[PDB]
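Peer 1: Handing you this structure, nothing more for now.
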Amino acid sequence: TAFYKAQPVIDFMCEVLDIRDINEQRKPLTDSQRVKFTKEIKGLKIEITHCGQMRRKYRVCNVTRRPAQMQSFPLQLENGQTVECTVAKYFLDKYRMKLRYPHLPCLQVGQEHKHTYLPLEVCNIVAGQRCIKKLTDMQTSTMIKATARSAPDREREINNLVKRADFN
């Protein structure tokens, strides 16, 4: 709902590794440089901004050494199955995004167990005056039993274990 910070990773890097122009780099980051930026992030809240239509928010987790041009990641398809695509190449086909920052490394972000590999842009930084909703409400009303029609659908057939009901 509220966010008072940003500083695109492009500026942060130029500020951490001292650079004249993020476009003049044209070189892969070395171990020293890579570890530098990685140490700064880690914990910071980064949001995705690249298509300029959906945008979202995620937390940082690590940095990939492979170049974006070859960043294979887990693309999940709502069709009913997960897929494995590559970053800095797929966007060029569907989003027509030429990246312009492949030679460099990539950013790693996952809420709890995700694997979203973003390039330089897209992964923006956030850690100023942010104020969102870290909770919600789950109360259903008019719960008058179920109607005498339709039927339950397939559910996650969890194996072993059996969940835990009640508290004590």
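We name chains A, B, ... following the order of the structure tokens; residues begin at 1 in each chain, and ligands are numbered from 1 as shown.
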Neighbours of residue 39 of chain A within 12 Å (only C-alpha atoms; same-chain residues fewer than 4 positions away dropped), as a ChimeraX atom specification?
Peer 2: /A:13,16-17,31-35,43-44,60-63
Peer 1: Write the residues of the preceding selection, restricted to N, CA, C and O atoms, as an mmCIF file, in the first residue's frame.
Peer 2:
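Contents of selection.cif, freshly written:
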```cif
data_model
loop_
_atom_site.group_PDB
_atom_site.id
_atom_site.type_symbol
_atom_site.label_atom_id
_atom_site.label_comp_id
_atom_site.auth_asym_id
_atom_site.auth_seq_id
_atom_site.Cartn_x
_atom_site.Cartn_y
_atom_site.Cartn_z
ATOM 1 N N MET A 13 24.459 -0.633 -7.349
ATOM 2 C CA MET A 13 25.755 -1.231 -7.774
ATOM 3 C C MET A 13 26.757 -0.128 -8.114
ATOM 4 O O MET A 13 27.847 -0.080 -7.581
ATOM 5 N N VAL A 16 28.035 1.032 -4.998
ATOM 6 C CA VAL A 16 28.819 0.090 -4.150
ATOM 7 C C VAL A 16 30.163 -0.236 -4.806
ATOM 8 O O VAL A 16 31.185 -0.292 -4.153
ATOM 9 N N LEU A 17 30.167 -0.462 -6.091
ATOM 10 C CA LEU A 17 31.441 -0.802 -6.783
ATOM 11 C C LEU A 17 32.066 0.442 -7.424
ATOM 12 O O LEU A 17 32.990 0.346 -8.207
ATOM 13 N N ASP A 31 34.821 -12.011 -8.512
ATOM 14 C CA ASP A 31 34.474 -12.484 -7.142
ATOM 15 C C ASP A 31 34.429 -11.308 -6.165
ATOM 16 O O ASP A 31 33.452 -11.098 -5.474
ATOM 17 N N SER A 32 35.482 -10.539 -6.100
ATOM 18 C CA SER A 32 35.502 -9.379 -5.165
ATOM 19 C C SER A 32 34.272 -8.495 -5.384
ATOM 20 O O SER A 32 33.542 -8.191 -4.461
ATOM 21 N N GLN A 33 34.041 -8.075 -6.598
ATOM 22 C CA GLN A 33 32.861 -7.207 -6.875
ATOM 23 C C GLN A 33 31.564 -7.953 -6.559
ATOM 24 O O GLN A 33 30.682 -7.434 -5.905
ATOM 25 N N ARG A 34 31.438 -9.167 -7.021
ATOM 26 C CA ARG A 34 30.194 -9.942 -6.748
ATOM 27 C C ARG A 34 29.935 -10.024 -5.242
ATOM 28 O O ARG A 34 28.867 -9.695 -4.767
ATOM 29 N N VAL A 35 30.905 -10.463 -4.485
ATOM 30 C CA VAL A 35 30.713 -10.566 -3.011
ATOM 31 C C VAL A 35 30.358 -9.199 -2.422
ATOM 32 O O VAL A 35 29.616 -9.098 -1.466
ATOM 33 N N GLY A 43 18.428 -9.675 2.630
ATOM 34 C CA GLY A 43 17.480 -9.157 3.659
ATOM 35 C C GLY A 43 16.699 -7.975 3.083
ATOM 36 O O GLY A 43 15.531 -7.795 3.364
ATOM 37 N N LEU A 44 17.334 -7.170 2.277
ATOM 38 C CA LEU A 44 16.629 -6.001 1.680
ATOM 39 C C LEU A 44 15.354 -6.456 0.969
ATOM 40 O O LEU A 44 15.242 -7.588 0.540
ATOM 41 N N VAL A 60 15.196 -10.293 -0.993
ATOM 42 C CA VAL A 60 16.461 -10.787 -1.605
ATOM 43 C C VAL A 60 16.875 -12.115 -0.971
ATOM 44 O O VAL A 60 16.443 -12.460 0.111
ATOM 45 N N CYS A 61 17.717 -12.860 -1.632
ATOM 46 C CA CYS A 61 18.158 -14.163 -1.064
ATOM 47 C C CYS A 61 19.623 -14.440 -1.417
ATOM 48 O O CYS A 61 20.375 -14.954 -0.613
ATOM 49 N N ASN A 62 20.041 -14.103 -2.610
ATOM 50 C CA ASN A 62 21.457 -14.363 -2.999
ATOM 51 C C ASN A 62 21.760 -13.772 -4.380
ATOM 52 O O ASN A 62 20.950 -13.078 -4.959
ATOM 53 N N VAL A 63 22.921 -14.049 -4.912
ATOM 54 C CA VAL A 63 23.269 -13.535 -6.269
ATOM 55 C C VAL A 63 23.818 -14.675 -7.126
ATOM 56 O O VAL A 63 24.620 -15.470 -6.677
#
```
Peer 1: Write out as a compact mmCIF listing (two decimals) with N, CA and C atoms, in the first residue's frame the residues lying within 12 Å of residue 64 of chain A, counting only C-alpha atoms and excluding same-chain residues fewer than 6 positions away.
Peer 2:
```txt
# COMPACT_ATOMS: atom_id res chain seq x y z
N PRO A 28 31.91 -8.62 -16.96
CA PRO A 28 31.34 -9.49 -15.90
C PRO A 28 31.92 -9.12 -14.54
N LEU A 29 31.11 -9.13 -13.51
CA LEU A 29 31.63 -8.80 -12.15
C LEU A 29 32.54 -9.91 -11.65
N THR A 30 33.61 -9.56 -10.99
CA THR A 30 34.55 -10.61 -10.47
C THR A 30 34.14 -11.04 -9.06
N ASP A 31 34.82 -12.01 -8.51
CA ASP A 31 34.47 -12.48 -7.14
C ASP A 31 34.43 -11.31 -6.16
N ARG A 34 31.44 -9.17 -7.02
CA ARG A 34 30.19 -9.94 -6.75
C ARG A 34 29.94 -10.02 -5.24
N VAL A 35 30.91 -10.46 -4.49
CA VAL A 35 30.71 -10.57 -3.01
C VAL A 35 30.36 -9.20 -2.42
N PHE A 37 28.53 -6.44 -3.71
CA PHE A 37 27.07 -6.18 -3.84
C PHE A 37 26.26 -7.20 -3.04
N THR A 38 26.61 -8.46 -3.14
CA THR A 38 25.86 -9.50 -2.39
C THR A 38 25.83 -9.17 -0.89
N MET A 70 22.25 -16.50 -19.78
CA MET A 70 22.08 -17.96 -19.58
C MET A 70 21.54 -18.23 -18.18
N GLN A 71 20.45 -17.61 -17.80
CA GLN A 71 19.94 -17.84 -16.42
C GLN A 71 18.74 -18.79 -16.41
N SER A 72 18.99 -20.07 -16.49
CA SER A 72 17.87 -21.05 -16.47
C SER A 72 17.14 -21.01 -15.13
N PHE A 73 15.84 -20.83 -15.15
CA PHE A 73 15.07 -20.80 -13.87
C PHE A 73 13.79 -21.64 -14.00
N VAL A 87 16.35 -17.01 -18.31
CA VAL A 87 16.19 -15.54 -18.25
C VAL A 87 17.21 -14.88 -19.18
N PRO A 102 23.21 -8.64 -19.79
CA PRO A 102 23.44 -10.11 -19.68
C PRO A 102 24.81 -10.42 -19.07
N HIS A 103 25.86 -9.90 -19.65
CA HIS A 103 27.24 -10.20 -19.16
C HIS A 103 27.33 -10.15 -17.63
N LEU A 104 26.61 -9.27 -17.00
CA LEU A 104 26.67 -9.19 -15.51
C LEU A 104 25.98 -10.41 -14.89
N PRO A 105 26.01 -10.48 -13.58
CA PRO A 105 25.39 -11.62 -12.87
C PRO A 105 23.88 -11.41 -12.75
N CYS A 106 23.24 -12.13 -11.87
CA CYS A 106 21.77 -11.97 -11.70
C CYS A 106 21.40 -11.95 -10.21
N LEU A 107 20.19 -11.57 -9.89
CA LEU A 107 19.77 -11.53 -8.46
C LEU A 107 18.91 -12.75 -8.12
N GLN A 108 18.96 -13.18 -6.89
CA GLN A 108 18.15 -14.36 -6.47
C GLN A 108 17.15 -13.97 -5.39
N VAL A 109 15.88 -14.21 -5.62
CA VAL A 109 14.85 -13.84 -4.60
C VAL A 109 13.80 -14.94 -4.47
N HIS A 115 12.14 -19.57 -6.45
CA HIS A 115 13.45 -19.49 -7.16
C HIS A 115 13.35 -18.50 -8.31
N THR A 116 13.01 -17.28 -8.03
CA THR A 116 12.87 -16.26 -9.11
C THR A 116 14.22 -15.62 -9.42
N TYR A 117 14.74 -15.84 -10.60
CA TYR A 117 16.04 -15.22 -10.97
C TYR A 117 15.81 -13.95 -11.79
N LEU A 118 16.07 -12.81 -11.22
CA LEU A 118 15.85 -11.54 -11.97
C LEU A 118 17.19 -10.96 -12.43
N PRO A 119 17.13 -10.10 -13.43
CA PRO A 119 18.36 -9.48 -13.95
C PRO A 119 18.67 -8.20 -13.19
N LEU A 120 19.46 -7.33 -13.75
CA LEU A 120 19.77 -6.06 -13.04
C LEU A 120 18.48 -5.27 -12.83
```
Peer 1: Using DSSP on the backbone coordinates, identify the residues of chain A assigned to strand (DSSP E); present them as a PDB file with N, CA and C atoms, in the first residue's frame.
Peer 2:
```pdb
ATOM      1  N   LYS A  45      14.393  -5.585   0.834  1.00  0.00           N
ATOM      2  CA  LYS A  45      13.139  -5.970   0.132  1.00  0.00           C
ATOM      3  C   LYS A  45      13.172  -5.460  -1.306  1.00  0.00           C
ATOM      4  N   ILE A  46      13.237  -6.337  -2.269  1.00  0.00           N
ATOM      5  CA  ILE A  46      13.294  -5.867  -3.681  1.00  0.00           C
ATOM      6  C   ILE A  46      11.976  -6.140  -4.405  1.00  0.00           C
ATOM      7  N   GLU A  47      11.550  -5.227  -5.233  1.00  0.00           N
ATOM      8  CA  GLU A  47      10.278  -5.436  -5.981  1.00  0.00           C
ATOM      9  C   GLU A  47      10.571  -5.627  -7.469  1.00  0.00           C
ATOM     10  N   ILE A  48       9.724  -6.325  -8.179  1.00  0.00           N
ATOM     11  CA  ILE A  48       9.994  -6.542  -9.627  1.00  0.00           C
ATOM     12  C   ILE A  48       9.372  -5.423 -10.467  1.00  0.00           C
ATOM     13  N   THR A  49      10.189  -4.763 -11.241  1.00  0.00           N
ATOM     14  CA  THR A  49       9.709  -3.659 -12.113  1.00  0.00           C
ATOM     15  C   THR A  49      10.453  -3.727 -13.447  1.00  0.00           C
ATOM     16  N   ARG A  56       5.612  -6.303  -8.798  1.00  0.00           N
ATOM     17  CA  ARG A  56       5.294  -7.092  -7.572  1.00  0.00           C
ATOM     18  C   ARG A  56       6.339  -6.832  -6.484  1.00  0.00           C
ATOM     19  N   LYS A  57       6.337  -7.614  -5.437  1.00  0.00           N
ATOM     20  CA  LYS A  57       7.332  -7.391  -4.350  1.00  0.00           C
ATOM     21  C   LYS A  57       7.903  -8.716  -3.839  1.00  0.00           C
ATOM     22  N   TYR A  58       9.187  -8.753  -3.600  1.00  0.00           N
ATOM     23  CA  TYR A  58       9.829  -9.995  -3.085  1.00  0.00           C
ATOM     24  C   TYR A  58      11.048  -9.636  -2.230  1.00  0.00           C
ATOM     25  N   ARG A  59      11.592 -10.579  -1.510  1.00  0.00           N
ATOM     26  CA  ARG A  59      12.790 -10.272  -0.675  1.00  0.00           C
ATOM     27  C   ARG A  59      14.054 -10.820  -1.343  1.00  0.00           C
ATOM     28  N   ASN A  62      20.041 -14.103  -2.610  1.00  0.00           N
ATOM     29  CA  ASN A  62      21.457 -14.363  -2.999  1.00  0.00           C
ATOM     30  C   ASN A  62      21.760 -13.772  -4.380  1.00  0.00           C
ATOM     31  N   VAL A  63      22.921 -14.049  -4.912  1.00  0.00           N
ATOM     32  CA  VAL A  63      23.269 -13.535  -6.269  1.00  0.00           C
ATOM     33  C   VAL A  63      23.818 -14.675  -7.126  1.00  0.00           C
ATOM     34  N   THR A  64      23.399 -14.762  -8.356  1.00  0.00           N
ATOM     35  CA  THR A  64      23.906 -15.853  -9.232  1.00  0.00           C
ATOM     36  C   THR A  64      25.168 -15.397  -9.961  1.00  0.00           C
ATOM     37  N   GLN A  71      20.451 -17.605 -17.803  1.00  0.00           N
ATOM     38  CA  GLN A  71      19.943 -17.841 -16.416  1.00  0.00           C
ATOM     39  C   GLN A  71      18.741 -18.789 -16.414  1.00  0.00           C
ATOM     40  N   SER A  72      18.990 -20.068 -16.485  1.00  0.00           N
ATOM     41  CA  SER A  72      17.871 -21.054 -16.467  1.00  0.00           C
ATOM     42  C   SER A  72      17.135 -21.011 -15.125  1.00  0.00           C
ATOM     43  N   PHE A  73      15.841 -20.827 -15.150  1.00  0.00           N
ATOM     44  CA  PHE A  73      15.071 -20.803 -13.874  1.00  0.00           C
ATOM     45  C   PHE A  73      13.789 -21.636 -14.005  1.00  0.00           C
ATOM     46  N   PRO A  74      13.088 -21.768 -12.906  1.00  0.00           N
ATOM     47  CA  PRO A  74      11.852 -22.572 -12.891  1.00  0.00           C
ATOM     48  C   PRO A  74      10.633 -21.716 -13.233  1.00  0.00           C
ATOM     49  N   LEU A  75      10.204 -21.741 -14.463  1.00  0.00           N
ATOM     50  CA  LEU A  75       8.991 -20.967 -14.844  1.00  0.00           C
ATOM     51  C   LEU A  75       7.757 -21.845 -14.657  1.00  0.00           C
ATOM     52  N   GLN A  76       6.870 -21.485 -13.771  1.00  0.00           N
ATOM     53  CA  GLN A  76       5.676 -22.348 -13.542  1.00  0.00           C
ATOM     54  C   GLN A  76       4.553 -21.963 -14.503  1.00  0.00           C
ATOM     55  N   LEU A  77       3.942 -22.938 -15.118  1.00  0.00           N
ATOM     56  CA  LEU A  77       2.866 -22.647 -16.103  1.00  0.00           C
ATOM     57  C   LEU A  77       1.492 -22.963 -15.508  1.00  0.00           C
ATOM     58  N   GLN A  81       1.195 -27.368 -14.869  1.00  0.00           N
ATOM     59  CA  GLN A  81       2.529 -28.034 -14.837  1.00  0.00           C
ATOM     60  C   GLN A  81       3.639 -26.988 -14.744  1.00  0.00           C
ATOM     61  N   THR A  82       4.749 -27.333 -14.152  1.00  0.00           N
ATOM     62  CA  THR A  82       5.864 -26.352 -14.046  1.00  0.00           C
ATOM     63  C   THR A  82       6.855 -26.554 -15.194  1.00  0.00           C
ATOM     64  N   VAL A  83       7.489 -25.500 -15.616  1.00  0.00           N
ATOM     65  CA  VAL A  83       8.444 -25.594 -16.754  1.00  0.00           C
ATOM     66  C   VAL A  83       9.807 -25.012 -16.362  1.00  0.00           C
ATOM     67  N   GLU A  84      10.799 -25.213 -17.184  1.00  0.00           N
ATOM     68  CA  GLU A  84      12.144 -24.642 -16.892  1.00  0.00           C
ATOM     69  C   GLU A  84      12.590 -23.764 -18.062  1.00  0.00           C
ATOM     70  N   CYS A  85      12.515 -22.471 -17.909  1.00  0.00           N
ATOM     71  CA  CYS A  85      12.909 -21.567 -19.026  1.00  0.00           C
ATOM     72  C   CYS A  85      14.225 -20.860 -18.701  1.00  0.00           C
ATOM     73  N   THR A  86      14.620 -19.912 -19.507  1.00  0.00           N
ATOM     74  CA  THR A  86      15.903 -19.205 -19.240  1.00  0.00           C
ATOM     75  C   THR A  86      15.684 -17.695 -19.206  1.00  0.00           C
ATOM     76  N   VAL A  87      16.349 -17.012 -18.314  1.00  0.00           N
ATOM     77  CA  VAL A  87      16.193 -15.537 -18.250  1.00  0.00           C
ATOM     78  C   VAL A  87      17.209 -14.881 -19.177  1.00  0.00           C
ATOM     79  N   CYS A 106      23.240 -12.133 -11.866  1.00  0.00           N
ATOM     80  CA  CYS A 106      21.768 -11.965 -11.696  1.00  0.00           C
ATOM     81  C   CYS A 106      21.398 -11.950 -10.211  1.00  0.00           C
ATOM     82  N   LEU A 107      20.191 -11.568  -9.894  1.00  0.00           N
ATOM     83  CA  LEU A 107      19.772 -11.526  -8.464  1.00  0.00           C
ATOM     84  C   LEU A 107      18.914 -12.746  -8.118  1.00  0.00           C
ATOM     85  N   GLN A 108      18.957 -13.177  -6.885  1.00  0.00           N
ATOM     86  CA  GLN A 108      18.153 -14.365  -6.475  1.00  0.00           C
ATOM     87  C   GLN A 108      17.145 -13.974  -5.389  1.00  0.00           C
ATOM     88  N   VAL A 109      15.881 -14.205  -5.624  1.00  0.00           N
ATOM     89  CA  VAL A 109      14.854 -13.839  -4.604  1.00  0.00           C
ATOM     90  C   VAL A 109      13.797 -14.939  -4.475  1.00  0.00           C
ATOM     91  N   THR A 116      13.008 -17.275  -8.026  1.00  0.00           N
ATOM     92  CA  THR A 116      12.872 -16.263  -9.109  1.00  0.00           C
ATOM     93  C   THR A 116      14.223 -15.616  -9.419  1.00  0.00           C
ATOM     94  N   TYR A 117      14.739 -15.837 -10.597  1.00  0.00           N
ATOM     95  CA  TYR A 117      16.044 -15.222 -10.969  1.00  0.00           C
ATOM     96  C   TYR A 117      15.808 -13.951 -11.786  1.00  0.00           C
ATOM     97  N   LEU A 118      16.070 -12.806 -11.217  1.00  0.00           N
ATOM     98  CA  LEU A 118      15.847 -11.540 -11.970  1.00  0.00           C
ATOM     99  C   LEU A 118      17.187 -10.956 -12.430  1.00  0.00           C
ATOM    100  N   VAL A 122      14.301  -4.724 -13.176  1.00  0.00           N
ATOM    101  CA  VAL A 122      13.282  -5.643 -12.573  1.00  0.00           C
ATOM    102  C   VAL A 122      13.471  -5.694 -11.050  1.00  0.00           C
ATOM    103  N   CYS A 123      14.536  -6.283 -10.585  1.00  0.00           N
ATOM    104  CA  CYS A 123      14.768  -6.346  -9.116  1.00  0.00           C
ATOM    105  C   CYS A 123      15.141  -4.964  -8.571  1.00  0.00           C
ATOM    106  N   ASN A 124      14.171  -4.200  -8.147  1.00  0.00           N
ATOM    107  CA  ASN A 124      14.478  -2.859  -7.573  1.00  0.00           C
ATOM    108  C   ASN A 124      14.709  -2.995  -6.070  1.00  0.00           C
ATOM    109  N   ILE A 125      15.276  -2.001  -5.445  1.00  0.00           N
ATOM    110  CA  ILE A 125      15.555  -2.110  -3.985  1.00  0.00           C
ATOM    111  C   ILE A 125      14.489  -1.378  -3.161  1.00  0.00           C
ATOM    112  N   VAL A 126      14.248  -1.832  -1.959  1.00  0.00           N
ATOM    113  CA  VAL A 126      13.234  -1.163  -1.086  1.00  0.00           C
ATOM    114  C   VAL A 126      13.652  -1.305   0.380  1.00  0.00           C
TER     115      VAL A 126
END
```
Peer 1: Residues of segment 32-127 of chain A in alpha helix (DSSP H) according to DSSP, as a compact mmCIF listing (two decimals) with N, CA, C and O atoms, in the first residue's frame?
Peer 2:
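Dumped everything to states-v9.txt:
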```
# COMPACT_ATOMS: atom_id res chain seq x y z
N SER A 32 35.48 -10.54 -6.10
CA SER A 32 35.50 -9.38 -5.17
C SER A 32 34.27 -8.50 -5.38
O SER A 32 33.54 -8.19 -4.46
N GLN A 33 34.04 -8.08 -6.60
CA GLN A 33 32.86 -7.21 -6.88
C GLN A 33 31.56 -7.95 -6.56
O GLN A 33 30.68 -7.43 -5.90
N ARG A 34 31.44 -9.17 -7.02
CA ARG A 34 30.19 -9.94 -6.75
C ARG A 34 29.94 -10.02 -5.24
O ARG A 34 28.87 -9.69 -4.77
N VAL A 35 30.91 -10.46 -4.49
CA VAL A 35 30.71 -10.57 -3.01
C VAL A 35 30.36 -9.20 -2.42
O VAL A 35 29.62 -9.10 -1.47
N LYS A 36 30.89 -8.15 -2.98
CA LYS A 36 30.58 -6.79 -2.46
C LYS A 36 29.08 -6.52 -2.53
O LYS A 36 28.42 -6.38 -1.52
N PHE A 37 28.53 -6.44 -3.71
CA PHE A 37 27.07 -6.18 -3.84
C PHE A 37 26.26 -7.20 -3.04
O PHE A 37 25.33 -6.87 -2.35
N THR A 38 26.61 -8.46 -3.14
CA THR A 38 25.86 -9.50 -2.39
C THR A 38 25.83 -9.17 -0.89
O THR A 38 24.81 -9.30 -0.25
N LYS A 39 26.93 -8.74 -0.34
CA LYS A 39 26.95 -8.40 1.11
C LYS A 39 25.99 -7.25 1.41
O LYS A 39 25.32 -7.24 2.42
N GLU A 40 25.93 -6.28 0.54
CA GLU A 40 25.02 -5.13 0.78
C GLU A 40 23.56 -5.60 0.83
O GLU A 40 22.83 -5.30 1.75
N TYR A 90 14.09 -15.58 -22.74
CA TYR A 90 12.62 -15.74 -22.85
C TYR A 90 11.98 -14.35 -22.94
O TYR A 90 11.16 -14.09 -23.81
N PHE A 91 12.36 -13.46 -22.07
CA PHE A 91 11.81 -12.08 -22.11
C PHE A 91 11.99 -11.49 -23.51
O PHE A 91 11.17 -10.72 -23.98
N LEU A 92 13.04 -11.85 -24.19
CA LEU A 92 13.28 -11.31 -25.55
C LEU A 92 12.22 -11.82 -26.53
O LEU A 92 11.95 -11.21 -27.54
N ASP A 93 11.64 -12.96 -26.25
CA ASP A 93 10.62 -13.52 -27.18
C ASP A 93 9.22 -13.03 -26.81
O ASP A 93 8.47 -12.57 -27.66
```
Peer 1: So that I can see what lies close to residue 2 of chain A, please list as JSON, numbers by chain the residues with an atom at most 12 Å from it, counting only C-alpha atoms and leaving out residues fewer than 5 positions away in the same chain.
Peer 2: {"A": [126, 127, 128, 129, 130, 131, 132, 133]}
Peer 1: Emit the selected residues as an mmCIF file, in the first residue's frame, including N, CA and C atoms.
Peer 2:
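Dumped to again.cif:
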```cif
data_model
loop_
_atom_site.group_PDB
_atom_site.id
_atom_site.type_symbol
_atom_site.label_atom_id
_atom_site.label_comp_id
_atom_site.auth_asym_id
_atom_site.auth_seq_id
_atom_site.Cartn_x
_atom_site.Cartn_y
_atom_site.Cartn_z
ATOM 1 N N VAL A 126 14.248 -1.832 -1.959
ATOM 2 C CA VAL A 126 13.234 -1.163 -1.086
ATOM 3 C C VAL A 126 13.652 -1.305 0.380
ATOM 4 N N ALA A 127 13.722 -0.213 1.091
ATOM 5 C CA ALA A 127 14.126 -0.267 2.526
ATOM 6 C C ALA A 127 14.069 1.135 3.135
ATOM 7 N N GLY A 128 13.116 1.925 2.723
ATOM 8 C CA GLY A 128 13.003 3.309 3.266
ATOM 9 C C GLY A 128 11.754 3.409 4.137
ATOM 10 N N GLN A 129 10.787 4.183 3.728
ATOM 11 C CA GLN A 129 9.544 4.294 4.547
ATOM 12 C C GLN A 129 8.431 3.450 3.922
ATOM 13 N N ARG A 130 8.530 2.152 4.034
ATOM 14 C CA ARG A 130 7.495 1.265 3.431
ATOM 15 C C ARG A 130 6.419 0.906 4.458
ATOM 16 N N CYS A 131 5.199 0.756 4.019
ATOM 17 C CA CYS A 131 4.102 0.390 4.958
ATOM 18 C C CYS A 131 3.040 -0.432 4.225
ATOM 19 N N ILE A 132 3.148 -1.732 4.267
ATOM 20 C CA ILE A 132 2.148 -2.585 3.564
ATOM 21 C C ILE A 132 1.327 -3.398 4.568
ATOM 22 N N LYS A 133 0.603 -4.378 4.100
ATOM 23 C CA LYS A 133 -0.218 -5.207 5.027
ATOM 24 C C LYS A 133 0.434 -6.576 5.234
#
```
Peer 1: How far is it from atom CA of residue 114 of chain A to atom CA of residue 80 of chain A, in Å with one decimal?
Peer 2: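 Going from atom CA of residue 114 of chain A over to atom CA of residue 80 of chain A, I get 17.5 Å.
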Peer 1: What separation in Å, quoted to one decimal, exists between atom CA of residue 164 of chain A and atom CA of residue 139 of chain A?
Peer 2: 20.3 Å
